[PDB]
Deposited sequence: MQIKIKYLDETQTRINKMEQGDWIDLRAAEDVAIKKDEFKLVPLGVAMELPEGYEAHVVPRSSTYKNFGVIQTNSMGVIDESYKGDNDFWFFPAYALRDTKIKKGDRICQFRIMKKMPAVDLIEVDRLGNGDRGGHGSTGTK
């Protein structure tokens, strides 16, 4: 199973695994964020995911410790269909304190996972 991945540019740090571990993604540019402010931290990457698969994106264990940001959407769902040449991943960050992220910083991690199977949604007037 392969993932095709476009980098924003040559300065981005490429990421190498087939170990099953979640893969760290990194900030594409310096972002500074005041306490109680919001910013998209661009991750400088676009990917074509395997057919029938999602990416899930959550912070790293140490993200809060080292940057004082929480992830606004809790968990990011990157769908297989987000595979365009301008479809760059971002990390939506709310700073609970003054913070600076530097280009290259590892700020979140992801894995892939089979989309849910197909499903008939059937309205009913009463449940058991």
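Counting from residue 1 of the deposited sequence, the stretches lacking C-alpha coordinates in this chain are 17, 130-142.
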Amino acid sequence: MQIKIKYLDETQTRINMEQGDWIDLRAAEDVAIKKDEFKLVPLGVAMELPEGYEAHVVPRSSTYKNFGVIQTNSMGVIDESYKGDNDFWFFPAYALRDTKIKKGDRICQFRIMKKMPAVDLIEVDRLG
From here on, numbers count along this sequence of modelled residues.
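Set 17-25 against 102-110 and average the Cα temperature factors; 17-25 ends up higher.
Note on 81-89 vs 54-62: mean CA B-factor is higher in 81-89.
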